[PDB]
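Residue-level structure breakdown
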Amino acid sequence: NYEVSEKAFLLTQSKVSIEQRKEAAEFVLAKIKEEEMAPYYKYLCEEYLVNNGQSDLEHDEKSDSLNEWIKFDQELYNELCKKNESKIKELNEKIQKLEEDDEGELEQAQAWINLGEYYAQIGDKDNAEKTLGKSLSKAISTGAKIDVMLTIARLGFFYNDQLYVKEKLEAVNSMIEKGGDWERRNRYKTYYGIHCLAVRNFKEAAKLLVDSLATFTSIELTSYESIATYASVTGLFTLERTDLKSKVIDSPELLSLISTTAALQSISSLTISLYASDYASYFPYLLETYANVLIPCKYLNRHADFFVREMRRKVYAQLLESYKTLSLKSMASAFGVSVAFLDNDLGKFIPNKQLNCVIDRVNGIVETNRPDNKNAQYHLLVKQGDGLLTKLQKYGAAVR
Amino acid sequence: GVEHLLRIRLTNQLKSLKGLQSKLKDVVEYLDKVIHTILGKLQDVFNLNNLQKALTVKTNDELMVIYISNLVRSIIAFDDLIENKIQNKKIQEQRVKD
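Looking at the method and resolution fields of the entry, one finds cryo-EM and 3.8 Å.

So this is what it looks like as structure tokens:
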């Protein structure tokens, strides 16, 4: 169901390549008709409310999409309810035979496993979670317990659930003994890496995404090119230049992606320009990547332009350590930067102490400040120490 | 056997005064007898606490490290007292239920 959530997000807000909305709208209409989900055709009305590039034309004539009618009707709804009532009749016929038999704990749990898949495919969220809790306690081992988490993670990625899904994610991880189990490792590192995306941890995102076991590729939730897509974005923050030439540029998993998928280009244009520290080539590849990567992805476009500010902060630090004193017009004719607009670009960092760059407005030259010292490092202990003493006084006076 | 019969800097500063008073009386009594090894080693003491002020800029470098070591030292002390408060709080619940 990767293309189900992808094409549904493309119809929310798209400021670039409006032609992709046609292939996205025509896909979600043919996918719901071929599936059993009733409400996901109705959710298109509420989910797109107050969004640029509206996909719904009823009272709003400002819709810029190519397919302007997502409107819900009773014609398709009644047809989807017939497939739901016909399938539950076959399952209840088998469950009734299982209740009268009751052979082991696997067949008793399999009755709820078939329901856990049924209630997930008919569009129920809380009703499906109630069915998954019954099969979790009746499981004979950890093999049937992790399949419960797979359905929880399926409904959690569509509705963006950071609480119930994250709690059950670490529950299967801990249990009694973890071990080297492939299911409790490969699946955990990929799903927990997706949860780190939305919260932007960046500490475990580089290790659990840029470094993957082999291909992942379950095809049910996320795909192969998606894991490599976030790897290029998250690999530019925590991973320094030492790991860029090992797990990024020289990574064997990213060598065959260039000749396979050419629509990404985030592992070449961004990596080569940063490794060579050339601002001339690095600038035009920012908007080309921003359009075809950040915007289409669901966990990226929520932030978007903030990443442009953070990615440009990386290249400013690469040049700052390469010189002490430099003229402003030198990088203008070489790296293709505007002198008049350079002060406004660097004005979002230097006063916030994000960069050590110092530009002299008299002669038009840039200098370099001290990158690190003992004084700037003790300031982190001041804010961390004062913030810790608050809990000691708060919890100390609360208990009495 | 000593423990059977019987049962830092403040003491050192009092010992430094004893060595200074010995040199004060040695100079006064020397002038009354007049108007060599002591005078040779005396001028080396002054030239090896006015001279300690030149390293004061570099002295405070390791002085704040003591306060940094004492800052994390005091924070750990709370974990000992707060745990005792939690331990004493559980003792109070055991006496009421008994």
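Another point: the pattern of salt bridges. Residues and elements named next belong to chain A. A complete count under the given rule lists twelve salt bridges over all chains for this structure. When the shortest N-O distance is used, the salt bridge between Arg 154 and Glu 220 registers 2.7 Å. Of the two residues, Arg 154 is situated in helix α7 (residues 142–159) and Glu 220 in the loop between α10 (205–210) and α11 (224–234); the sequence distance between them amounts to 66 residues. In this structure, the salt-bridge partner of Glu 240 is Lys 314, at a minimum N-O distance of 3.3 Å. Here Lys 314 lies in helix α17 (residues 305–320) and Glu 240 lies in the loop between α11 and α12 (241–248), a separation of 74 residues in the sequence. Taking relative accessible area as the criterion, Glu 240 reaches 44% and is therefore assigned partly exposed. Several salt bridges share partner residues, and in doing so they unite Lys 125, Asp 126 and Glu 129 into one network.

The subject of this paragraph is α11 of chain A. Taking burial as the measure, the eleven residues of α11 of chain A include nine buried ones, the bulk of the element. Residues of α11 of chain A that are buried make contact with α1 (2–10), α9 (183–199), α10, α15 (284–294) and α16 (298–301) of chain A.

All right, on to the UniProt feature "repeat: TPR" in chain A then. The positions that UniProt labels "repeat: TPR" are, in the present scheme, residues 109–142 of chain A. What you have in residues 109–142 of chain A is 76% helix and 0% strand, and the ends, taken at the C-alpha atoms, are 13 Å apart.

Residue and element names in this part refer to chain A. Residues other than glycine seldom take positive phi values, yet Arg 200 does so here, at roughly 55°. Secondary-structure assignment places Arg 200 in the loop between α9 and α10. Exposure remark for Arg 200: the relative accessible area of 16% places this residue in the buried category.

Residue and element names in this part refer to chain A. Counting 53 residues, the largest nonpolar core has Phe 157, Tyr 191, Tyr 230, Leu 300 and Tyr 316 as the members making the most contacts within it. The element best represented in this core is α17, accounting for seven residues. Here this core spans two domains, and each of domain 1 (1–322) and domain 2 (323–369) adds at least three residues to it. Beyond its immediate chain neighbours, meaning those up to four positions away, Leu 300 contacts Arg 200, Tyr 230, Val 233, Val 293, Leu 294 and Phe 307.

One pair of aromatic rings is described through two measures. These are the centre distance and the angle between the planes. Residue and element names in this part refer to chain A. Taken as a whole and assessed by the stated rule, the structure comprises 14 aromatic pairs over all chains. Their ring planes at 50° and their centres at 5.9 Å tell us that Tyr 279 and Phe 283 sit as a pair that is tilted. Classification of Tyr 279 by relative accessible area gives buried; the value is 7%. Site record: aromatic cluster; members linked through ring pairs are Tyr 40, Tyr 43 and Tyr 159. Between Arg 302 and the ring centre of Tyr 299, over which it is positioned, the NZ or CZ distance is 5.6 Å.

What follows concerns the sheet that holds strand β3 (residues 365–368) of chain A. All names here are of chain A. An order of β1-β3-β2 is seen for the three strands of this open sheet, with the pairing classed as antiparallel. Looking at the sheet topology across the chains shown, the edges are occupied by β1 (326–327) and β2 (357–360). Looking at chain direction, β2 and β3 are connected through four bridges and run antiparallel. Bridging across to β3, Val 358 finds its partner in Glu 367.

As a further point, take the interface of chain A and chain B. Put simply, an interface is often sized by how much accessible area is lost when its parts join up. Taken together, the contacts link six residues of chain A with seven residues of chain B. Between chain A and chain B, roughly 620 Å² of surface is buried when both sides are summed, and carbon and sulfur atoms account for 84% of that area. Per-residue buried area on chain A facing chain B is highest for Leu 381, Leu 392 and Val 399 of chain A; these three make up 57% of the total on that side. The tally of links between chain A and chain B comes to zero salt bridges.

Moving on to a negative patch on the surface. Taken together, the side chains of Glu 99, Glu 100, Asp 101, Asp 102 and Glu 103 of chain A present a region of like negative charge at the surface. Looking at the secondary structure, you find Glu 99 of chain A in helix α4 (residues 74–101).

Turning our eyes to something else, we now look at the pairing of β3 of chain A. Residues and elements named next belong to chain A. The two faces of β3 differ: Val 366 and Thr 368 on one face are buried, but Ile 365 and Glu 367 on the other face are not. Relative to β3, β1 runs antiparallel, the two sharing two bridges. Across the sheet, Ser 327 pairs through a bridge with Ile 365, a residue of β3. In sequence, β2 turns back onto β3 through a hairpin of four residues, with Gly 364 there showing a positive phi of about 70°.

All names here are of chain A. By domain assignment, chain A separates into domain 1 (1–322) and domain 2 (323–369). Of note, the centres of domain 1 and domain 2, computed from C-alpha atoms alone, are 40 Å apart. With 13 residues of domain 1 at the contact, the number on the domain 2 side is 17 residues. Summed over both sides, the interface of domain 1 with domain 2 buries roughly 1300 Å², with 67% coming from carbon and sulfur. Between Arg 312 and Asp 345 there is a salt bridge, with its nearest N and O atoms 3.0 Å apart. Only α14 (279–282) and α17 provide two or more residues apiece to the side of domain 1 that touches domain 2. The element contributing the most residues to the side of domain 1 that touches domain 2 is α17, with seven residues. Considering only residue class, the side of domain 1 that touches domain 2 consists of six nonpolar, two polar and five charged.

Cut-offs applied
- Residues numbered from 1 in each chain as written, not as in the entry; some residues may be left out.
- Chains lettered and ligands numbered in written order.
- Part of a larger assembly, values for the part shown.
- Heavy atoms only, no water.
- Salt bridge = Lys/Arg side-chain N within 4 Å of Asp/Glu carboxyl O.
- Helix = DSSP H or I, 4+ residues; strand = E, 2+ residues; numbered from the N terminus.
- Buried < 20%, exposed > 50% of the residue type's maximum accessible area, 1.4 Å probe, protein only.
- Contact = heavy atoms within 4.5 Å.
- UniProt positions renumbered as here; feature names shortened; annotations may be inferred.
- Core = buried A, V, L, I, M, F, W, Y, C linked by side-chain atoms within 4.5 Å.
- Domains from an automatic or database assignment.
- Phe/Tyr/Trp six-rings, centres within 6.5 Å; stacked < 30°, edge-to-face > 60°.
- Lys NZ or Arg CZ within 6 Å of the ring centre and 35° of its normal.
- Pairing = 2+ DSSP bridges.
- Buried area = accessible area lost by both parts, 1.4 Å probe.
- Patch = residues over 30% accessible without salt bridge, like charges linked within 9 Å, V, L, I, M, F, W, Y side chains within 5 Å.
- Areas by Shrake-Rupley, 256 points an atom, 1.4 Å probe, with all protein chains shown as cover.
- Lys, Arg positive; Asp, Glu negative; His and termini not counted.
- Charge placed at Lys NZ, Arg CZ, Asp CG, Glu CD.
- Nonpolar A, V, L, I, M, F, W, Y, C, P; charged D, E, K, R; others polar.

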